[PDB]
């Protein structure tokens, strides 16, 4: 509010880059505890005697490192590629799918070699030009929520804005967007916000900005000329979900009335969870009301990893049809990019 870490790790090589140097100067000036780590993927000594303590303390830890990977992962259906600027999040969403992603770490990571990263991005753009290449910057982090510390996203926005065939997009649950409002985005960045029913936000999204805060930020970014979008996710069949999601879209329309919404986009993602999710989530959030009963679900098998549970076809279809009705009612001429 906005996020500031209570412990910072640096890779020694990180100090060779402007961002690493800048962050070391900032955090030493603030008197924050700073440690050294050989790799940002191998961070040792995070305080805590229990698993819950170590998890919660990791969520208050920042790790400053060099990105050595290299190839960008695909990010379909959002975008062609995930541009890697950060990994991890300070938020505590009970359902967060990043918790059980292969190789995910609970701490927040930021990468300092932006020249390298943007160079590789340009390479991907050139490989496909004159076709457009889209980059997702919040695939494995809340890149916006972290950004006031680094301005790495602001730099990426302006990098992409300068390109002819590159486009950028990202989604956030945080309202701390003021430093991004004067960025030279050149119309090539889609600024999105995660929204949900009152039930889901109140019960499952602690440590994030409120709905009203997210909408205040949305009006700001739209007013600064960014393309605006919303991601309705996770779509979760809680008791009274039909009316809950009806009221979401009704309230969303009221909070955006007056504004031009001719190019507004919606993305719909149903709640999914993996086989190890129940054990992990119940350890980290003992009092959660999140239902992870796999017997009511359909399993989608993994390809190179493990798969996940989604709602059954009938219930998934019901969710999709209902969401599409609401968007048609309150946002005629808004585009629904996908339901998954």
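Numbering follows the first chain given and starts at 1.
Look at the mean CA B-factor for 167 to 175 and for 253 to 261 in the entry; the higher one is 253 to 261. Taking the mean C-alpha B-factor of each stretch as recorded, 70 to 78 and 226 to 234 are not equal, and the higher mean is that of 70 to 78. Remark: residue 117 belongs to the lowest third of its chain, ranked by C-alpha B-factor as recorded. Sort the modelled residues of the chain by CA B factor and residue 45 lands in the highest third.
Among all modelled residues in its chain, residue 210 ranks in the middle third by Cα B-factor.
Remark: residue 240 belongs to the lowest third of its chain, ranked by C-alpha B-factor as recorded. Annotation for residue 125: C-alpha temperature factor in the middle third relative to the rest of the modelled chain, per the entry.
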